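Beneath this line is the structure, given in structure tokens, with notes to follow.
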Amino acid sequence: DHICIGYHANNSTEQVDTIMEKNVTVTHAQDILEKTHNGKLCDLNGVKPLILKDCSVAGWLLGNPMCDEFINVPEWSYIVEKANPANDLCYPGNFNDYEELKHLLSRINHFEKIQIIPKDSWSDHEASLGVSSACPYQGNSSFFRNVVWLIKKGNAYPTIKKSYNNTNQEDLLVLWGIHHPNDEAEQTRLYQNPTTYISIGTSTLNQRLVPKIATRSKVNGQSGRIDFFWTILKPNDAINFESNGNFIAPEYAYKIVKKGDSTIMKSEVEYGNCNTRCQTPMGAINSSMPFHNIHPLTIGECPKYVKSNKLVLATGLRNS
Amino acid sequence: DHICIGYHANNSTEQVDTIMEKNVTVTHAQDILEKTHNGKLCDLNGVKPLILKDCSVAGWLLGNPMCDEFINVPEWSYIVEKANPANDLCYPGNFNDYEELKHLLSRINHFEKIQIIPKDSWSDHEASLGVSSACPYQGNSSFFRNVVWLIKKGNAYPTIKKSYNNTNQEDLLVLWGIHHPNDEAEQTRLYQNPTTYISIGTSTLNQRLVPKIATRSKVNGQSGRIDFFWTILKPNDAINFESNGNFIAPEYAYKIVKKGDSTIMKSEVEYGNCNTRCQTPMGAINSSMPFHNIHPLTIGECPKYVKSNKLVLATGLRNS
Amino acid sequence: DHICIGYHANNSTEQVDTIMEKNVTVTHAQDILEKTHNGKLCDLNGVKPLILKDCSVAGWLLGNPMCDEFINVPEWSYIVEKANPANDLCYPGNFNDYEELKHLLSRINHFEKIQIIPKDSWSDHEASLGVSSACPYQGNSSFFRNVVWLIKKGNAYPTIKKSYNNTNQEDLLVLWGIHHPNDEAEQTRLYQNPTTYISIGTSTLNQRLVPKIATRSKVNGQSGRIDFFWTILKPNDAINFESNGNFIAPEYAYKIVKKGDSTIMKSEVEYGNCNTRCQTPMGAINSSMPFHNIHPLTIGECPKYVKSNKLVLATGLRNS
Amino acid sequence: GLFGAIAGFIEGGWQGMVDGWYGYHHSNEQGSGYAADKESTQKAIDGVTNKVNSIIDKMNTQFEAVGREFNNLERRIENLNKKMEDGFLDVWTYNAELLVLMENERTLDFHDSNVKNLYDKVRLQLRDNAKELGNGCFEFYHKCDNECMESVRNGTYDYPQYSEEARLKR
Amino acid sequence: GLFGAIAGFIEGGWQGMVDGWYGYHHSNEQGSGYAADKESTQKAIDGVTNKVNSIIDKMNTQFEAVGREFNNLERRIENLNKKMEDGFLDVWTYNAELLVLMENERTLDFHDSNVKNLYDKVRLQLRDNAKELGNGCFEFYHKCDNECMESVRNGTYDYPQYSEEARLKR
Amino acid sequence: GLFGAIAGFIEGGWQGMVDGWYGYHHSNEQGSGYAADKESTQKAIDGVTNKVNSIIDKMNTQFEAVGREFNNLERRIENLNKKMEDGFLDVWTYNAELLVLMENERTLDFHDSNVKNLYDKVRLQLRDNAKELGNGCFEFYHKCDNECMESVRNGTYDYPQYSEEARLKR
Ligand SMILES: *[C@@H]1O[C@H](CO)[C@@H](O)[C@H](O)[C@H]1NC(C)=O
Ligand SMILES: *[C@@H]1O[C@H](CO)[C@@H](O)[C@H](O)[C@H]1NC(C)=O
Ligand SMILES: *[C@@H]1O[C@H](CO)[C@@H](O)[C@H](O)[C@H]1NC(C)=O
Ligand SMILES: *[C@@H]1O[C@H](CO)[C@@H](O)[C@H](O)[C@H]1NC(C)=O
Ligand SMILES: *[C@@H]1O[C@H](CO)[C@@H](O)[C@H](O)[C@H]1NC(C)=O
Ligand SMILES: *[C@@H]1O[C@H](CO)[C@@H](O)[C@H](O)[C@H]1NC(C)=O
Ligand SMILES: *[C@@H]1O[C@H](CO)[C@@H](O)[C@H](O)[C@H]1NC(C)=O
Ligand SMILES: *[C@@H]1O[C@H](CO)[C@@H](O)[C@H](O)[C@H]1NC(C)=O
Ligand SMILES: *[C@@H]1O[C@H](CO)[C@@H](O)[C@H](O)[C@H]1NC(C)=O
């Protein structure tokens, strides 16, 4: 009469690793690493991203004319921008504190584009002359739509005094610019006054900008440059502009009406009319696993990222 | 005749965790995590902190008149400052490289406040006119005490040339300012000369400052602004100031006479006439434990910080 | 008849540590920690380093006259510079964005020193007068060799217009300077024109520099200062300079012809005519071990760095 | 193994045993076949299940990358940013792999320990009342019904009972 | 346990044993009661004490937060600062918890291993000169004085002595 | 040890054994001396060798310092740089030391486990056909040739053979 003590076994081929032994075949294993993605960009819990296509963030916020698609943007779950967008600044120049702005952006889900200085309020100055071949719209010359390139009116440029008070409850993103001509002739031909400035003040901002008249390379066919500058105008604060030339005035600004979880994704991956709880620059993830290896930069509720190629937990015993 | 092999047991309820099993009751345990604090701010090994109360570091070093309590400060073990001190700059403006200064501060235990330019040495300029309602002292108008707001003397502002050589063995913190008026009338009414500057030189410093005359929001009832600037004047170096207006001159500077372990604590927790070897923004720690969970930012000899809620070491065996 | 079960033993004294027991003598151990170095600086795989000796990186790239040894430098595997090189700037001043430059440097193995503005091309200006006692060469006065200190020619300083187009396939490092005099007399004595500027433009650079005439400490016997500025001139871009005084013009620039693994080592350790695969500021390492403890900052193929004093792996069993 | 039993004194596993993890095999006139243990398998299920949750949970406070941009005059801080994010990515990749390597070894030795523990709850109740082949099998100095085996399973093997024909079998 | 002895072949613990950690119990005409082991308990005291110091000491090179301030145009580097300090706080919180979880398991199995080791220093000296109940108790094929037990404690149990009445008890 | 055998029931090590790690000693009329085991030593060689490579390999994704310079108005970020590099240096110094401390303990207990496993592959084949001294030695109830020991080494000890003079020796 014969009784034995023994253990389970099966026809399984799933392998684990240990410190002493690799590929120890086991009875029961649990893979805990997500290795795959749907290869599309998707809605994040029902909210569509903003796909900037061929436009950069600057091109968007200044309103480069090739970016008309983005004149009015709905609320987004996250932002997607190419590595090298073709439409940025039609007119060459610098965008001051650009990265700090994108950082701000990344904590923002929606803007309302509001008008802060009316294009009809410039009686003593020309407000539509005012365009460049560097920024074309359908063959004809144009300019960034959110700002107004003021020009002299009949051989004179009186001192602009303009202010705007923030009567809203939300912060405002205000943008403006300075034109740097190539020589002093174009300086007089544009603004009459040879020596000029732009002062900009708020309760925390105190800036004076002076044009830099100099000879540079043509970029986009221009040797002149335009530098853009921004601030966050708080509720009940006012912004005051004073200039006697070279002023690229605001027309519109952006009201910050929704804040929360966002990011600016770098990707070329097509939007694919899907919906996900976790998104990566390479594609979306639908998994119950706690680890993945697709990309470090994700948004949503995601598995934790690792660089591993395989990651399996032995649950059963050594197979035979 | 009967001999047995067995183990200790007791009426204990102390529990530990392990990878497979949680709350395994044990015979002997050692809690290694400090979870409590005395809830007061204390002396650190016999040296009292500097409790800035309602003043900020800037308010202190410039000598905002509401901060008279700090005209002379004894050596401190650490500094405590509120989240939003009410007395900072009575007169609105910028404090240049403020955070870099606080960083310097944090490695400093004591200053000697010395006089570097005598308030009696301005014969060709008015040195007491010189005050604003923005910085009141007992109803009447005043100014930051460490600096002197120079004004024109009888419709003239000759060029200031002033220098000071550091005859001490310690480094010096030197502070000075520039006034930015609202319009060119106040500019002439204050300093006579319409176009002005402040040059400041040392063996490493070479600065020119120009006033920015512009229209801004009233802050503290003022639209003018004052920007403050500092340097570390080395032993045997000299500092040279040249100005033809808008100069907020030094009167006093701070000699760095004690360096070592300090920090700038953010806290609202009352000082409590006690003494400790380890201090946290929430309160002091008196423990022999090697870990605590009170706050990451401490000073003194402290347990190492963790985010754990419980941390107990099993020393004995499983209980029954 | 007697058969036994037992284990190996030996006369060994090599000890290991474990969690419960320290210095457990063992039968077989493997030390995995490299603790020693040859104490010389060496070639890195056949390529000699650049030993700057008594010169700093700035002194080199501007061509301080005491650094003639480095007028032409072969390709290097890494750079070695002292803690406090005696030859930096013969003439006192600032080197703008110095650290960002060294960072660039550190990814560079070789420059070609090319001529971008010919010293013979200044017909309307004096190009050899032009020197200071601050920068002596063999008793007589001299200047940084890579740049040209322009002076007025016969009581006049016409407006310089000079440009240079990058006809090469490699990026260029371009350097230039501005002179800040002590008083307005020396300003007129040097450059005739009292109010001056330097504009510098590229496709991304747009700079205006204004001299700061002020009183400072003598440093190297001078109270005047010279600030140096640089850019990376891309292939097919041009650089344009315009100035009516105080211009310290480029003569030569550096072509970036080899990029790859380099570093800037701080060390006083003599070069020792050896060759290594792994180099540290303290000396070279020749080892098969996977860990060392010599210094964190190494170059080459190296063991991973730890702070441990001993690190031994038990391979055998407990000795007797 | 480490406890000598799996891939040791008990050479292989029983395909016919799919009733559980660690079981018995009874072989008497009435019938052959297998039967698993419950207070042995289940206890191993909890321990392995709890361990898995523990590993995962211990891992959810791990570092999460964030994108930050920089201009061409911020090369030092951008490089600092890159090295500090890879730095943490490498730490957590190290931690997860290493906690998997180490628990795998323990999970395997846990099983082995639980089989050897089983072989010893039966043996230390059978005394000199049975044969020990040493292959993970037991032969009797007496007769055993199908529900007699159930006594040695349940843990309630009656010693002041079968001693007579055991001692006299010698 | 993992070594089958604690909460295994030795069901529970002895409240009356507060003399030490791992002990014996003698029960002869002269007197009942408990007595602990010293070369067994003490050796466990060192090992557990050393382990504790090791854990703590291994932990004093851990990351220490530092406060740094930033202006409103330093948002990227302030965020970098925040993530790198929490980053290290999380690493060290992970390390300390995990080293506590893992050593707890080992400390428990160390004890278990030391009890089972004890049961086998007595058994492998008693041979066929005594009964093995299998509950962590031993009955004799001979008579044992109070200072006879002290022979099996001390380790010096005399075999070329008691063999006569043991063999003849059968 | 942890498995009771090294520095336990087998007091010391055999200097005369330099044939391998875990061996036997035969002592019959023909000749004394030692002989090691191969399927026991070698299996321990692989396991220890693989472990070493594993530790090292697991360690080559470790943090590598980089020098970055800063001006006197970059004191906050330079300090940030210093703390983040020491931060990682401390983490990896912690990891390497701790993985060495922990594997050392395991390597030692692995050996111990493999000796005790050996003592039990012989014992569980010898049954009642031999004496068990309990010191890591075995005496016979029968006669054994030099190539008879080789049967208990090879694993092929013939039981349906020597049973006659073993049973009758009592
Ligand atoms: C383990 O198996 C995998 C098969 O994918 C192989 O990559 C690896 O080299 C093997 N190593 C060992 C020890 O068998
Ligand atoms: C903004 O206008 C509001 C509304 O009257 C007022 O309270 C506030 O003072 C104004 N701010 C400025 C900067 O003028
Ligand atoms: C996501 O996975 C779940 C679970 O298997 C499934 O119900 C769903 O179809 C998946 N979604 C997509 C887009 O395939
Ligand atoms: C362990 O006990 C604590 C009681 O405070 C409880 O929080 C936890 O959920 C328990 N877990 C288990 C496994 O019993
Ligand atoms: C500072 O005065 C000392 C004392 O005579 C002198 O050595 C030094 O040159 C002076 N420095 C300046 C900047 O004038
Ligand atoms: C600090 O703890 C020690 C040790 O128990 C004690 O002597 C002392 O009274 C405590 N200090 C305070 C302020 O309670
Ligand atoms: C271990 O031995 C070394 C000898 O170099 C000594 O530094 C250390 O204190 C010793 N510790 C113990 C536990 O023996
Ligand atoms: C550089 O010269 C090349 C060669 O003709 C030309 O393509 C390019 O436009 C020039 N760039 C500038 C800035 O003039
Ligand atoms: C480097 O070590 C190797 C290996 O032992 C040896 O061949 C060589 O001589 C060593 N090089 C020097 C410079 O000593």
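Naming scheme: A, B, ... for chains in displayed order of the structure tokens; residues 1 onward per chain; ligands 1 onward as shown.
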How would you write, as a PDB file with C-alpha atoms, in the first residue's frame, the set of residues no farther than 10 Å from ligand 2 when counting only C-alpha atoms and all ligand atoms?
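As written to disk, selection-v1.pdb reads:
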ATOM      1  CA  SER A 163      -3.371 101.102 -21.528  1.00  0.00           C
ATOM      2  CA  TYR A 164      -5.620  98.162 -20.756  1.00  0.00           C
ATOM      3  CA  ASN A 165      -7.071  97.082 -17.423  1.00  0.00           C
ATOM      4  CA  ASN A 166      -7.810  93.401 -16.738  1.00  0.00           C
ATOM      5  CA  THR A 167     -11.519  93.430 -15.765  1.00  0.00           C
ATOM      6  CA  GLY A 201       4.568  98.728 -17.422  1.00  0.00           C
ATOM      7  CA  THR A 202       2.391  96.634 -15.103  1.00  0.00           C
ATOM      8  CA  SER A 203       2.452  96.329 -11.300  1.00  0.00           C
ATOM      9  CA  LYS A 234      -3.207  89.657 -13.401  1.00  0.00           C
ATOM     10  CA  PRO A 235      -6.908  90.441 -12.635  1.00  0.00           C
ATOM     11  CA  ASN A 236      -7.401  94.147 -11.820  1.00  0.00           C
ATOM     12  CA  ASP A 237      -3.927  95.051 -12.931  1.00  0.00           C
ATOM     13  CA  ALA A 238      -3.387  97.275 -15.934  1.00  0.00           C
ATOM     14  CA  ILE A 239      -0.741  97.281 -18.645  1.00  0.00           C
ATOM     15  CA  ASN A 240       0.547 100.605 -20.033  1.00  0.00           C
TER      16      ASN A 240
ATOM     17  CA  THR B 215       3.631 105.123 -16.747  1.00  0.00           C
ATOM     18  CA  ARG B 216       2.767 102.228 -14.358  1.00  0.00           C
ATOM     19  CA  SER B 217       0.110 101.067 -11.950  1.00  0.00           C
ATOM     20  CA  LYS B 218       0.134 102.519  -8.481  1.00  0.00           C
ATOM     21  CA  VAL B 219       1.513  99.916  -6.066  1.00  0.00           C
ATOM     22  CA  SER B 223       3.722 104.590  -9.847  1.00  0.00           C
TER      23      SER B 223
END
Quick one: residues within 12 Å of residue D:52, only C-alpha atoms counted, chain neighbours fewer than 6 positions away excluded, as a short mmCIF file (atom, residue, chain, number, x, y, z; two decimals) with N, CA, C and O atoms, in the first residue's frame?
data_model
loop_
_atom_site.label_atom_id
_atom_site.label_comp_id
_atom_site.auth_asym_id
_atom_site.auth_seq_id
_atom_site.Cartn_x
_atom_site.Cartn_y
_atom_site.Cartn_z
N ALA A 29 3.72 31.77 -14.52
CA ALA A 29 4.38 33.07 -14.54
C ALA A 29 3.41 34.21 -14.82
O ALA A 29 2.35 34.02 -15.42
N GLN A 30 3.78 35.41 -14.38
CA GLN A 30 3.01 36.61 -14.68
C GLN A 30 3.90 37.66 -15.30
O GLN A 30 4.79 38.18 -14.63
N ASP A 31 3.70 37.94 -16.58
CA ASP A 31 4.42 39.05 -17.23
C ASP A 31 3.83 40.34 -16.70
O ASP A 31 2.60 40.51 -16.68
N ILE A 32 4.69 41.25 -16.25
CA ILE A 32 4.23 42.51 -15.67
C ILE A 32 4.69 43.73 -16.47
O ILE A 32 4.62 44.85 -15.97
N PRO A 290 1.50 46.96 -14.73
CA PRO A 290 1.98 48.09 -13.94
C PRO A 290 3.26 48.74 -14.51
O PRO A 290 3.63 49.83 -14.09
N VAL A 312 9.30 39.37 -16.07
CA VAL A 312 8.34 38.34 -15.68
C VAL A 312 8.45 37.84 -14.25
O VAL A 312 9.51 37.52 -13.80
N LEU A 313 7.33 37.78 -13.55
CA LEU A 313 7.32 37.33 -12.17
C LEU A 313 6.98 35.84 -12.07
O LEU A 313 5.90 35.40 -12.48
N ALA A 314 7.92 35.05 -11.53
CA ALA A 314 7.63 33.65 -11.22
C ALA A 314 6.59 33.58 -10.10
O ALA A 314 6.77 34.16 -9.04
N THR A 315 5.49 32.88 -10.38
CA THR A 315 4.47 32.63 -9.37
C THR A 315 4.42 31.14 -9.01
O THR A 315 4.16 30.76 -7.86
N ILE B 19 7.50 40.74 2.97
CA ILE B 19 7.05 40.66 1.57
C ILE B 19 5.79 39.80 1.36
O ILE B 19 4.89 40.17 0.60
N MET B 20 5.72 38.65 2.02
CA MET B 20 4.58 37.75 1.84
C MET B 20 3.44 38.04 2.81
O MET B 20 2.27 37.85 2.48
N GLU B 21 3.78 38.50 4.01
CA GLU B 21 2.80 38.61 5.08
C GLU B 21 2.84 39.98 5.75
O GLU B 21 3.91 40.45 6.13
N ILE D 45 -0.72 30.00 -2.09
CA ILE D 45 -1.41 30.96 -2.96
C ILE D 45 -1.44 32.36 -2.34
O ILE D 45 -1.16 33.34 -3.01
N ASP D 46 -1.80 32.44 -1.06
CA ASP D 46 -1.83 33.72 -0.36
C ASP D 46 -0.47 34.38 -0.40
O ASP D 46 -0.34 35.53 -0.81
N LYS D 58 4.86 48.70 -3.99
CA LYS D 58 6.13 49.30 -3.60
C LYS D 58 6.72 50.12 -4.76
O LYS D 58 7.66 50.88 -4.57
N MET D 59 6.14 49.96 -5.95
CA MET D 59 6.73 50.51 -7.17
C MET D 59 5.99 51.71 -7.74
O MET D 59 6.41 52.25 -8.76
N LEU D 99 14.47 43.60 -7.95
CA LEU D 99 13.48 43.07 -7.02
C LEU D 99 12.79 41.88 -7.67
O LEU D 99 12.20 41.04 -7.00
N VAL D 100 12.86 41.80 -9.00
CA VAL D 100 12.26 40.67 -9.68
C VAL D 100 13.19 39.46 -9.65
O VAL D 100 12.76 38.35 -9.36
N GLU D 103 13.17 38.18 -5.86
CA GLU D 103 11.96 37.51 -5.40
C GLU D 103 11.69 36.21 -6.15
O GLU D 103 11.09 35.28 -5.61
N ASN D 104 12.15 36.14 -7.39
CA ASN D 104 12.05 34.91 -8.17
C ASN D 104 12.77 33.75 -7.50
O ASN D 104 12.23 32.65 -7.39
N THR D 107 10.73 32.90 -4.34
CA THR D 107 9.47 32.23 -4.68
C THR D 107 9.73 30.77 -5.02
O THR D 107 8.96 29.88 -4.63
#
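Minimum atom-to-atom distances from B:248, B:209, B:257, B:24 to ligand 4 were compared using only C-alpha atoms and all ligand atoms, and the lowest value belongs to B:24.
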For the structure I just gave you, how does DSSP split stretch 109-302 of chain C - specifically, which residues are alpha helix (DSSP H)? Reply as a VMD selection string.
chain C and resid 184 to 191
Name the residues, by chain letter and number, that sit within 9 Å of ligand 9 using only C-alpha atoms and all ligand atoms, and give them as a list in words.
residues 38, 274, 275, 276, 285, 286, 287 and 288 of chain C
Just list as a PyMOL selection string whatever in stretch 8-231 of chain A DSSP marks as strand (DSSP E).
chain A and resi 15-16+24-25+29-31+33-34+41-44+50-51+79-81+108-115+132-137+140-142+147-149+160-165+172-180+198-201+206-209+225-231
Have a look at atom CA of residue B:92 and atom CA of residue B:225 and let me know their distance in Å, one decimal.
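Separating atom CA of residue B:92 from atom CA of residue B:225 is a distance of 5.3 Å.
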Find the residues near stretch 29-32 of chain E: any atom within 9 Å, counting only C-alpha atoms, skip ones fewer than 6 places away on the same chain, and give them as a tab-separated table (two decimals) with N, CA and C atoms, in the first residue's frame.
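As a result, out_6.tsv now contains:
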chain	number	residue	atom	x	y	z
B	1	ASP	N	10.42	9.80	31.15
B	1	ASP	CA	11.28	10.96	31.32
B	1	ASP	C	11.32	11.79	30.03
E	144	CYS	N	16.76	9.53	33.33
E	144	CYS	CA	17.58	10.74	33.23
E	144	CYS	C	17.45	11.70	34.42
E	145	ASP	N	18.56	11.87	35.12
E	145	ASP	CA	18.68	12.78	36.26
E	145	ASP	C	18.55	14.25	35.83
E	146	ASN	N	18.41	15.15	36.78
E	146	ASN	CA	18.34	16.55	36.42
E	146	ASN	C	19.65	16.97	35.79
Check: which chain B residues lie within 12 Å of chain F using only C-alpha atoms, as a list in words:
residues 96, 97, 98, 99, 100, 101, 102, 103, 104, 105, 106, 107, 204, 205, 230, 231 and 232 of chain B
Neighbour list for residue D:162 as an MDAnalysis selection string, cut-off 12 Å, only C-alpha atoms, skip fewer than 6 positions in-chain
chainID D and resid 125:130 140:144 148 168:169
Given the selection you just returned, output its residues as a file containing C-alpha atoms, formatted as a PDB file, in the first residue's frame.
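As written to disk, out.pdb reads:
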ATOM      1  CA  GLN D 125       3.541  10.933  11.943  1.00  0.00           C
ATOM      2  CA  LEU D 126       4.333   7.541  10.388  1.00  0.00           C
ATOM      3  CA  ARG D 127       7.299   6.733  12.656  1.00  0.00           C
ATOM      4  CA  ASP D 128       8.360   3.089  12.313  1.00  0.00           C
ATOM      5  CA  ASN D 129       4.860   2.145  11.121  1.00  0.00           C
ATOM      6  CA  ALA D 130       5.907   2.528   7.454  1.00  0.00           C
ATOM      7  CA  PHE D 140       3.231   0.505   4.697  1.00  0.00           C
ATOM      8  CA  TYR D 141       3.884  -2.052   7.428  1.00  0.00           C
ATOM      9  CA  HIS D 142       0.076  -2.254   7.476  1.00  0.00           C
ATOM     10  CA  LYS D 143      -3.128  -1.994   5.402  1.00  0.00           C
ATOM     11  CA  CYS D 144      -4.680   1.352   4.437  1.00  0.00           C
ATOM     12  CA  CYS D 148      -7.288   5.778   5.944  1.00  0.00           C
ATOM     13  CA  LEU D 168       4.773  -7.561  13.986  1.00  0.00           C
ATOM     14  CA  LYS D 169       5.501  -7.175  10.261  1.00  0.00           C
TER      15      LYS D 169
END
Fewer than 2 positions away in the same chain doesn't count, so skip those; otherwise give me all residues within 9 Å of stretch 300-310 of chain C, counting only C-alpha atoms, as a JSON list (two decimals) with C-alpha atoms, in the first residue's frame.
[["chain", "number", "residue", "atom", "x", "y", "z"],
["C", 31, "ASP", "CA", 37.81, 41.71, -4.86],
["C", 32, "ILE", "CA", 35.81, 43.78, -7.35],
["C", 33, "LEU", "CA", 37.05, 47.26, -6.44],
["C", 34, "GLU", "CA", 39.99, 49.09, -8.05],
["C", 35, "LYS", "CA", 41.80, 51.22, -5.48],
["C", 44, "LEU", "CA", 43.98, 58.37, -24.12],
["C", 45, "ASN", "CA", 44.21, 55.52, -26.64],
["C", 261, "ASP", "CA", 34.26, 62.54, -26.57],
["C", 276, "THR", "CA", 45.74, 54.53, -20.98],
["C", 277, "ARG", "CA", 42.17, 53.49, -21.77],
["C", 278, "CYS", "CA", 40.86, 55.27, -18.65],
["C", 279, "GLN", "CA", 41.99, 58.59, -17.16],
["C", 285, "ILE", "CA", 43.64, 53.35, -14.35],
["C", 286, "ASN", "CA", 44.68, 49.99, -15.78],
["C", 287, "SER", "CA", 42.27, 47.42, -14.47],
["C", 288, "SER", "CA", 39.82, 44.64, -15.23],
["C", 289, "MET", "CA", 37.77, 45.36, -12.18],
["C", 290, "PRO", "CA", 34.22, 46.72, -12.65],
["C", 291, "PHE", "CA", 34.33, 49.26, -9.79],
["C", 292, "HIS", "CA", 36.90, 51.81, -8.66],
["C", 293, "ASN", "CA", 37.06, 54.58, -6.06],
["C", 294, "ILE", "CA", 39.73, 57.00, -7.40],
["C", 295, "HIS", "CA", 37.62, 59.91, -8.68],
["C", 296, "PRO", "CA", 34.08, 60.42, -10.09],
["C", 297, "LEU", "CA", 35.20, 62.47, -13.13],
["C", 298, "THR", "CA", 36.89, 60.19, -15.63],
["C", 312, "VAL", "CA", 34.72, 41.93, -1.91],
["F", 59, "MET", "CA", 25.64, 47.49, -12.39],
["F", 60, "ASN", "CA", 26.79, 48.90, -15.72],
["F", 62, "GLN", "CA", 24.94, 53.13, -13.17],
["F", 63, "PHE", "CA", 25.21, 56.96, -12.98],
["F", 64, "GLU", "CA", 28.32, 58.69, -14.39],
["F", 65, "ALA", "CA", 29.45, 62.12, -13.18],
["F", 89, "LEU", "CA", 26.83, 58.69, -6.32],
["F", 90, "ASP", "CA", 25.31, 57.87, -2.94],
["F", 92, "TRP", "CA", 24.81, 53.70, -6.47],
["F", 93, "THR", "CA", 27.32, 53.32, -3.63],
["F", 94, "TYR", "CA", 24.36, 52.19, -1.53],
["F", 96, "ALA", "CA", 26.50, 48.09, -4.82],
["F", 97, "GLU", "CA", 27.40, 47.66, -1.17]]
Write out as number ranges by chain each polymer residue (protein, DNA or RNA) that has an atom no more than 9 Å from ligand 7, with only C-alpha atoms and all ligand atoms counted.
C: 15-17, 21-24; E: 50
Preceding selection exported with N, CA and C atoms as an mmCIF file, in the first residue's frame:
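Result file follows (selection_23.cif):
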data_model
loop_
_atom_site.group_PDB
_atom_site.id
_atom_site.type_symbol
_atom_site.label_atom_id
_atom_site.label_comp_id
_atom_site.auth_asym_id
_atom_site.auth_seq_id
_atom_site.Cartn_x
_atom_site.Cartn_y
_atom_site.Cartn_z
ATOM 1 N N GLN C 15 38.709 38.148 3.871
ATOM 2 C CA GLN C 15 37.447 38.307 4.588
ATOM 3 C C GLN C 15 36.362 39.020 3.778
ATOM 4 N N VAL C 16 35.111 38.618 4.005
ATOM 5 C CA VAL C 16 33.945 39.307 3.457
ATOM 6 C C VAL C 16 33.017 39.794 4.569
ATOM 7 N N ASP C 17 32.067 40.649 4.206
ATOM 8 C CA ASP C 17 31.035 41.096 5.133
ATOM 9 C C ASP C 17 29.678 40.545 4.694
ATOM 10 N N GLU C 21 27.024 39.344 9.888
ATOM 11 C CA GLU C 21 28.386 39.085 10.322
ATOM 12 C C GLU C 21 29.407 39.828 9.472
ATOM 13 N N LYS C 22 30.339 40.513 10.129
ATOM 14 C CA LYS C 22 31.443 41.165 9.428
ATOM 15 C C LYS C 22 32.732 40.352 9.546
ATOM 16 N N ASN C 23 33.570 40.427 8.519
ATOM 17 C CA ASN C 23 34.860 39.748 8.517
ATOM 18 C C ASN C 23 34.766 38.226 8.560
ATOM 19 N N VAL C 24 33.758 37.662 7.905
ATOM 20 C CA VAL C 24 33.625 36.229 7.857
ATOM 21 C C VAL C 24 34.734 35.730 6.953
ATOM 22 N N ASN E 50 23.717 42.937 15.250
ATOM 23 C CA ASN E 50 24.592 43.378 14.167
ATOM 24 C C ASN E 50 23.815 43.816 12.927
#
Name the residues in contact with residue B:147 at a cut-off of 6 Å, using only C-alpha atoms, excluding same-chain residues fewer than 2 positions from it; report them as an NGL selection string.
:B and (145 or 249-251)
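Reported to one decimal place, the separation of atom CA of residue C:8 from atom CA of residue F:48 is 15.7 Å.
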